[PDB]
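In case you want the letters, here they are:
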Amino acid sequence: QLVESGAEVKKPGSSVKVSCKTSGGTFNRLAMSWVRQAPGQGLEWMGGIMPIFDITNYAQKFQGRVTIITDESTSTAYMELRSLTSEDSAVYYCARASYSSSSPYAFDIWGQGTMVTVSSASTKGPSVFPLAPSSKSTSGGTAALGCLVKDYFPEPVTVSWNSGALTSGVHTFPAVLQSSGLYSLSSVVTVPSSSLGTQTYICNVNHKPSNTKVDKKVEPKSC
Amino acid sequence: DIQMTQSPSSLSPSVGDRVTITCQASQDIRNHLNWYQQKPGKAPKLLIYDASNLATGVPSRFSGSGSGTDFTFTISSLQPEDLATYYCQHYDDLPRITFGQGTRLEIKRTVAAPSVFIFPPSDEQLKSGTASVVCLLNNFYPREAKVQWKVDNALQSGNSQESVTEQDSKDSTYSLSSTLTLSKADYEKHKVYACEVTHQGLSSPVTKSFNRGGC
Amino acid sequence: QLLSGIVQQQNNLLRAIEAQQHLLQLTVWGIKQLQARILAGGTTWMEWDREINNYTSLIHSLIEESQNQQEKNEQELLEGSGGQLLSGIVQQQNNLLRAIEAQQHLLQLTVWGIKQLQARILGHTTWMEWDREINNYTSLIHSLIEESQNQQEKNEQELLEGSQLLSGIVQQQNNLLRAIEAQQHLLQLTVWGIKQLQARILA
């Protein structure tokens, strides 16, 4: 079962290391690979490992910049890419090979992906403003409420509601590139207008690249 | 070496339609093809392995075919949650791994008028010297829509940004969010803030607005 | 509670066959990679490949069939056992034996593949000892399979009459267990051969 490290910013000449933790614990019984997705565009296999035979494979285009490592003691796998180019901005995935396939390349278990941006520009923390209801946010009798995540670099941010306990009827919009160079994003949710007095709504914004975590309670307008 | 070409690049099927996708290989690759399904913001999911095998737990509507250079992926009847980008992947033991370009899906569904909502700037945001007004369009189809920002119902402005959501998994709808951003200085000069939405599912354009504030 | 111990032991044997299949598949993946690397550069590997697929397909079918029998037995046992439980236990021993036989065919194909790769790549001392060990276990596994087949037939006949049966089932549990343990040794021998071939390729 696979879990990856948080999104990162890296300076052009840098190298990035991405980790991938398995729940099982032993690499000596599996094959796994690293695949990236650079919009734009499409999926690219970077390399693979069969640690039991001490086999490590690297794609020709990445040979000389890529290292794949396993650590039995932490049951964590690592890929490191060096000499980062503006062409290496991508989401990186570790994935496990299915045992059903005649080769170790039918990837059936995947990590959540790690976004790496190659910039040179400094990280910026997001500011989180409520989107309060509102006369004026109804249909009804349903109310729309939300959070505005403004002024952050680079992507991405995560938004959840009530620490995961609210999943029904959320829309988290794609970011837009402001003329500043910073990103803006909004996340809105539809609720009963009936229960606005008794229920509590908190958006949870997480910006891993600058290590920011903001919890914002949304409530009607005050005067 | 080796070259994989996927066809077509996009499709607009209706819920309940059979959809077929094609990958061609430049050289003979026997049964070394896998198919994946990637929902937006999610990792890919194995659907078919070794050309024609259902990955365990994958619904029975998914199937694959082909042997040498010609391969076919088929969804017998599309369901709304099947909305995704679909990829073929060639594999070789040397190893060589090659993914196709992908086929995007756009589900066709019945026209639906957006619910329109509007949000005045927050008191917290104004303190820092900038004003963001947000106009929200919820659950609409087709994706095409126009948002008109009127300030004092006299002039359409030109200083905003919008983004469209990915098509919805459950009901196949889109959502748009436009943001008007001005500053505290320009926001308190004018009175009325209106968002005029011009969608196909609306007879006449709909308008949503508020008034404020002081200081 | 002997019957309940039998069903849970068949579950352990099933899990062992599954993990053994995983490792066996991994060896196939190792051999295909070394084969592709010596090929280019620089086949009746085509018929090997065909034979690999035939047995890989069979073992997959037998595993799933065993998983389904295992759930049935665990259900029957939860409903109060045995009449149909007994026949399902004998059937589950039939499934496990066939899965062991298919895996054995797979094991002998990988031994062949490794020997083909060895002849091309090649020190000489540890390989001759490997060879003797491979021969001993293959030979051991056959007579263990034969002993299981003979006990299965005898168990099946006795089942069709009444019930000695229960002792035959227990003897068959041990027969199957020993076959799997001898195969796990054979499979460690093949892992070692692949690892060694990989190490020699880089020197």
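Enquirer: Can you help me understand the overall build of chain A in this one?
Expert: In terms of helices and strands, chain A carries zero helices and 19 strands. With the C-alpha coordinates aligned to their principal axes, the bounding extent of chain A is approximately 70 × 40 × 30 Å. Here chain A, with 223 residues, has 51% of them falling under the buried criterion. The contacts of chain A with a sequence gap of at least 6 include a subset with a gap of at least 24, amounting to 59%.

Enquirer: What am I meant to see in the sheet that holds strand β18 (residues 201-207) of chain A here?
Expert: Adjacent strands of a sheet pair through backbone hydrogen bonds, lying either parallel or antiparallel. Residues and elements named next belong to chain A. Spatial strand order, β14-β18-β19: three strands in an open sheet with antiparallel pairing. Strands at the two margins of the open sheet, each flanked by one partner only, are β14 (158-161) and β19 (212-218). If you compare each strand with its neighbour and ignore which way they point, the axes differ by 20 degrees on average.

Enquirer: Just to check I follow, could you spell out the pairing of strand β7 (residues 62-66) of chain B for this structure?
Expert: The two faces of the sheet receive side chains in turn, since in a regular strand these alternate between them. Residues and elements named next belong to chain B. As judged from the five bridges shared by β7 and strand β8 (residues 70-75), these two strands associate in the antiparallel manner. When the sheet's bridge partners are listed, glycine 64 is paired in β8 with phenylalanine 73. Hairpin geometry of β7 and β8 is characterised by an intervening segment of three residues between the two adjacent antiparallel strands.

Enquirer: Please clarify how empty space enclosed by the protein should be interpreted in this entry.
Expert: Here the idea is plain: a probe the size of a water molecule rolls over the atoms and shows the empty space left. Quantified by volume, the largest cavity comes out at close to 150 Å³. Forming the boundary of the largest cavity are 16 residues, of which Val176, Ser184 and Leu185 of chain A together with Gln161 and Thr179 of chain B lie nearest the centre. At the level of elements, β13 (142-152) and β17 (183-192) of chain A together with β16 (160-164) and β17 (174-181) of chain B are the ones that each hand at least two residues to the lining of the largest cavity. By residue class, the composition of the lining of the largest cavity is five nonpolar, nine polar and two charged. Of the voids in this model, the second largest cavity is the one considered here, and its volume is about 60 Å³. Lining of the second largest cavity is provided by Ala31, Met32, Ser33, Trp45, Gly48, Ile49, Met50, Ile55, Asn57, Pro104 and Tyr105 of chain A together with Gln33 of chain C. Residue assignment for the lining of the second largest cavity shows that the elements contributing at least two residues are β4 (32-37), β5 (43-50) and β6 (55-58) of chain A. Counting residues per element, the lining of the second largest cavity draws most heavily on β5 of chain A, which supplies four residues.

Enquirer: Is there a simple way to think about the sheet that holds strand β18 (residues 192-199) of chain B in this case?
Expert: Residues and elements named next belong to chain B. Strand order in the open sheet formed by four strands is β15-β14-β18-β19, and the pairing between neighbours is antiparallel. Each end of this open sheet is capped by a strand with a single partner; those strands are β15 (155-156) and β19 (206-211). Strand direction decides the pairing type here: strand β14 (residues 145-151) and β18, joined by seven bridges, are antiparallel. Following the sheet pairing, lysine 146 is matched in β18 by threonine 198.

Enquirer: Help me understand the nonpolar core in this model?
Expert: Within the largest apolar cluster, 116 residues are counted, with the highest numbers of intra-cluster contacts made by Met32, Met79, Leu81 and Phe107 of chain A together with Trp35, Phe73 and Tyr86 of chain B. No other element matches the 11 residues that helix α3 (residues 84-121) of chain C contributes to this core.

Enquirer: What's the story with the domain arrangement of chain A in this structure? I'm lost.
Expert: Accessible area lost on assembly of the parts is the figure often given for the size of an interface. Residues and elements named next belong to chain A. Structurally, chain A comprises domain 1 (1-120) and domain 2 (121-223). Relative to domain 2, the C-alpha centre of domain 1 lies at a distance of 32 Å. The partner domain 2 presents nine residues to the seven residues of domain 1 that form the contact. The junction of domain 1 with domain 2 conceals about 620 Å² of combined surface from both sides, 68% of it contributed by carbon and sulfur atoms. Counting the surface domain 1 buries against domain 2, the share from its top three residues, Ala7, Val9 and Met115, is 59%. Summed over the shared surface of domain 1 and domain 2, the result is zero salt bridges. At the boundary of domain 1 and domain 2, one finds one residue pair in polar contact. For the side of domain 1 that touches domain 2, a count of residues per class yields three nonpolar, four polar and no charged.

Criteria and cut-off values
- Residues numbered from 1 in each chain as written, not as in the entry; some residues may be left out.
- Chains lettered and ligands numbered in written order.
- Heavy atoms only, no water.
- Helix = DSSP H or I, 4+ residues; strand = E, 2+ residues; numbered from the N terminus.
- Buried < 20%, exposed > 50% of the residue type's maximum accessible area, 1.4 Å probe, protein only.
- Contact = heavy atoms within 4.5 Å.
- Pairing = 2+ DSSP bridges.
- Axes fitted to C-alpha atoms, helices over the stretch in contact; angles between N-to-C directions.
- 1 Å grid on protein atoms, 1.4 Å probe; cavity = no way out; pocket = protein on both sides within 12 Å on 5 of 7 lines; lining within 4 Å.
- Points joined across faces, edges and corners; volume = space filled by probe spheres on them.
- Nonpolar A, V, L, I, M, F, W, Y, C, P; charged D, E, K, R; others polar.
- Core = buried A, V, L, I, M, F, W, Y, C linked by side-chain atoms within 4.5 Å.
- Domains from an automatic or database assignment.
- Buried area = accessible area lost by both parts, 1.4 Å probe.
- Salt bridge = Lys/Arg side-chain N within 4 Å of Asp/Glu carboxyl O.
- Polar contact = N/O pair within 3.5 Å; in protein donor to acceptor, adjacent residues only side chain to side chain.

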